[PDB]
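Protein chains in written order, with the entry's author numbering: chain K, 322 to 375; chain J, 305 to 405; chain B, 1 to 250; chain Q, 110 to 326; chain R, 20 to 70, 95 to 424.
From the three backbone atoms N, C-alpha and C, an ideal C-beta is built for every residue, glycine too.
To start, the structure itself, in structure tokens.
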Ligand SMILES: Nc1ncnc2c1ncn2[C@@H]1O[C@H](COP(=O)(O)OP(=O)(O)OP(=O)(O)O)[C@@H](O)[C@H]1O
């Protein structure tokens, strides 16, 4: 709505994507997954406790 | 604004349902024709708000055939396509208001 | 920034919508997510409390104050405006209905008297709007369970469901999906907890969450038993333990 | 079985349209849609769904029509066409724009999109859906959701075989509830094939599928 | 219209004396039921050769009935004032009567009146096609050819996307019916998606035929994408016996199990190629091709095989193999020679520089022929 909505509008901009930033469990879970891949982790505590707490 | 030399003025309304039928018809002909000929239905049922609106309906209905890997549209697709385009136009434009009156 | 007309409250704004009134709403948003759900047989109001300092006591921060024993209030916003407004609500009501009509107000009448106070802190120049928007949830005999919003402007409206604060968007849609008025109260309490639980997930412990019902009378809490005809208190505030019971029912 | 089931349904669909609500006629059609799917009649099950469907395009939103799309999705996977399996995931998602739907409605929603990406040979996308479904089934009443918790547990395991990360095969496997209560023959199956794939021993894989043969079946 | 394809295929089983005696008479009862129902007296005279006068009285009667009905109607309509519209709708009903009795000639005449007064371009295309159908009913393909030509003139004059789908299927059938199986393979696989049921040989038949044209034309690679993984064929499943027989055949080819291929070939010949009229004439073309295509794929994977080994796999004798392969070698797809004495089948296939030499020298010779003809001509003139 920083852009004028009447002028800049669907069919110039027919896809207008809102990104989740409030985010779901799955969406969070994938981001943690980028890290989980990058280096092995020594299990010493629950992994999923951290997700819920975010 | 003030007198000077401007005199002729032409007023353009946003489309009516009749005019909407015309714009929609001719793009569908060039593209892939709406089968069961319910492009007339779509215009009768509702008004968009612009001819820009109408070209957006045209694109989306066609994109729905693409997801299936079909190359032809049907009425079922326009009925989905219209609700998506038109409703999105309303949810971006209403958010500005708080709760006044 | 804005006009000198719109800062003034004795001066018609260009738009006609004061800058002031709009500031009051920006602040409401900034506060806690508070909600109200109307049931057949009750009203539940529920909110989260400020965590404040670690060693600041949480209990003493009260975002639900009983106006009368049968009618409670909930707000989003600042503490100072809340308390002053609250003394004024009770006080004006005593004069105009507890001595005249020698009884507790209808919910509608109390809501009407709260709007008027509000209205005067917006009319008089140089006195800012109350920094707070209310829900006044309540019970009276005549018009049963009732649910209200009172705006710092001094307009009020009854609702089926409303929520205010940052998480107002989220909450309202959730209530719609899961519930309608015709459903019982018991279901709504579980629902309301879940709704508020989207808001924050770090702690949802019954210490930081204040949950109350206005519903049935409690003839125990009448406090001068042996006379039954007087209505007991409609309002009963549910303890932390009680919340925790209601969390395992979710 | 077939005989008892089919006769009762037919008889039942007539009372509703003759004296009671058109609502009642529609509830019984969801029963009939499930019955055909179990006969492995996927032509018949699509034809039945379709007779209704037009009058319920109007009424599209109800959790009960969310389930009709979900069933449709199933029906096209087993017909092995993924043109319309994909198409029918979209419809399900449209008619649950609000994702606040019941617990069982949500389990099935996650699980169809997972299986769809299995065929698409993406096992990053597939794995993630399975996890959310994992949790739904455990917290559900174990009327039969205890057996279906296991089926999702095998699908979690399956993704990670494909990606050939045996670290996460040991990670999932725990003494929390996986090897306890959701223990099956097929838990042992998945971790055994997983070790064979890693070594590069086709010989080991061949042995594993003889004794886990009923698991493939 | 609708009964004509059903009538003719039953009539064709009865004609054949190849098929089981049971099927021939099972078909007798069925064709008879429709003969009476539609009054086929002019058309019965064609069918009785090729394998009551009441049918004729019933005829003639149906003639004065359905014949008169339309007449006096047509006249009241020509008197009444709207010329363009009303007369032509009535002439469409006129063409329907001749089309019921299986007379392709008089149907053409009255439907010509219908067109004559101006009607919607789209409507003219529907009408031309109706005539076209009756050409399959007689089995006069030459008749279909010219009718279908007039439609393609009007298909893009109109813009009709609606009638384009029908034309695809009818043209599929045309190409299928004729010896060119190339165009057929293309036209018909896309008629699967755009199948229009209205006056045409059932959906089940189309699906079987698409597979047949698939197998003849398309490379092993090109079969996999377009026929096996073809989403429609998998949606339609195998229910009818003919679909099952042809489908199973496809599969064992790709999977290259050549224990099960040759039993399926025998099945498709009995139950699919011979009873379908179109594929009775092309039975020979199709089965000779299938034998060559499977054997070609196996030779490509082997520098050398034994005769006993190739044969044993198929489930034919060494003697049998030796004859059947020597038919196929001089037509040149197999590209092998057989050492009888050593018993080896050695395989010699070029893939080198020689490939690019042949293509060049041949194309460039075809160009020179043209330069001479044209140059010499223009000098004279
Ligand atoms: N006193 C005046 N002298 C001349 N024409 C006048 C007079 N008063 C009115 N008009 C009328 O106004 C008409 C248009 O004037 P025009 O708009 O060219 O003038 P201007 O005042 O020079 O402005 P601009 O350059 O901004 O258009 C004239 O043709 C005439 O009809």
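- Looking only at 285/R, 320/R, 263/R, the smallest Cα-Cα distance to residue 298/R is reached by 263/R.
- Beta-carbon to beta-carbon, residue 171/R and residue 190/R are separated by about 6 Å, close enough to satisfy the 8 Å threshold.
- For residue 309/J, the shortest separation between its Cβ and any heavy atom of ligand 1 lies below 7 Å.
- Residues of the region 347-358 of chain J with a C-beta atom less than 9 Å from some C-beta of chain Q do not occur.
- Relative to the Cα of residue 264/Q, the nearest Cα in the group 302/Q, 223/Q, 283/Q belongs to 223/Q.
- Neighbourhood of residue 277/R in chain Q, by CB distance below 7 Å: 188, 189, 190, in chain order.
- Residue environment analysis places residue 57/B among the exposed positions, since fewer than 16 neighbouring C-beta atoms fall within 10 angstroms of its C-beta.
- Judged by DSSP in its simplified three-state form, residue 147/Q adopts helix.
- The alpha carbon of residue 26/R has as its nearest neighbour, out of 65/R, 36/R, 39/R, the alpha carbon of 65/R.
- Under the 10 Å beta carbon count, residue 138/B is surrounded by 16 or more other beta carbons and is classified as buried.
- The beta carbon of residue 329/J sits closer than 7 Å to the beta carbons of 343 from its chain, once the five residues preceding and following it are set aside; these are given in chain order.
- A straight line joining the alpha-carbon of residue 107/R with that of residue 231/R spans about 42 Å.
- In chain Q, no part has a C-beta under 7 Å from the C-beta of residue 342/K; the shortest such distance is about 17 Å.
- Put simply, the backbone Cα of residue 369/K is about 27 Å away from that of residue 50/B.
- Boundaries of the alpha helix (DSSP H) harbouring residue 140/R: 126-143, taken from the DSSP string.
- In this model, residue 214/B and residue 66/B are separated by some 10 Å (Cα to Cα).
- In the three-state DSSP reduction, residue 362/J falls in the helix class (H, G or I).
- Excluding sequence positions up to five before and after residue 151/Q, its CB lies within less than 7 Å of the CB of 184, 187, 188, all in the same chain and listed in chain order.
- When beta bridges are read from the DSSP output, residue 236/B appears opposite 213/B.
- Beta-bridge annotation (DSSP): residue 111/R is not paired with any residue.
- When rounded, the separation of the alpha-carbon atoms in residue 180/Q and residue 255/R is 34 Å.
- In the three-state DSSP reduction, residue 45/B falls in the strand class (E or B).
- Residue 152/Q has a beta carbon lying within less than 8 Å of a beta carbon in chain R.
- The beta-carbon of residue 246/Q is placed no less than 8 Å from the nearest beta-carbon of chain B.
- Residues of chain B whose Cβ lies closer than 7 Å to the Cβ of residue 207/Q are, in chain order, 173, 177.
- With a contact defined as Cβ atoms closer than 8 Å, residue 319/J and residue 352/J qualify at about 7 Å.
- In the DSSP assignment, residue 157/B falls within the beta strand (DSSP E) that extends over 156-158.
- The C-beta of residue 168/R comes no closer than 8 Å to any C-beta of chain Q.
- Counting only runs that start and end inside the region 196-266 of chain R, the alpha helix (DSSP H) elements of at least 4 residues fall at 207-220, 225-236, 246-260, 263-266.
- Burial is judged here by how many other beta carbons sit within 10 angstroms of a residue's own beta carbon; residue 241/R has fewer than 16 and is exposed.
- Residue 280/R has a beta carbon lying within less than 8 Å of a beta carbon in chain Q.
- Going by DSSP, residue 389/J is part of the alpha helix (DSSP H) stretching over 379-397.
- Judged by DSSP secondary structure, residue 139/B falls outside any alpha helix (DSSP H) and instead within the beta strand (DSSP E) spanning 132-139.
- For a cut-off of 8 Å, the C-beta gap from residue 27/B to residue 78/B is around 7 Å, short enough to register as a contact.
- Pairing residue 138/Q with residue 197/Q, the inter-Cα distance amounts to about 19 Å.
- Taking all protein chains in view, the Cβ of residue 215/R is crowded by 16 or more other Cβ atoms within 10 Å, so the residue is classified as buried.
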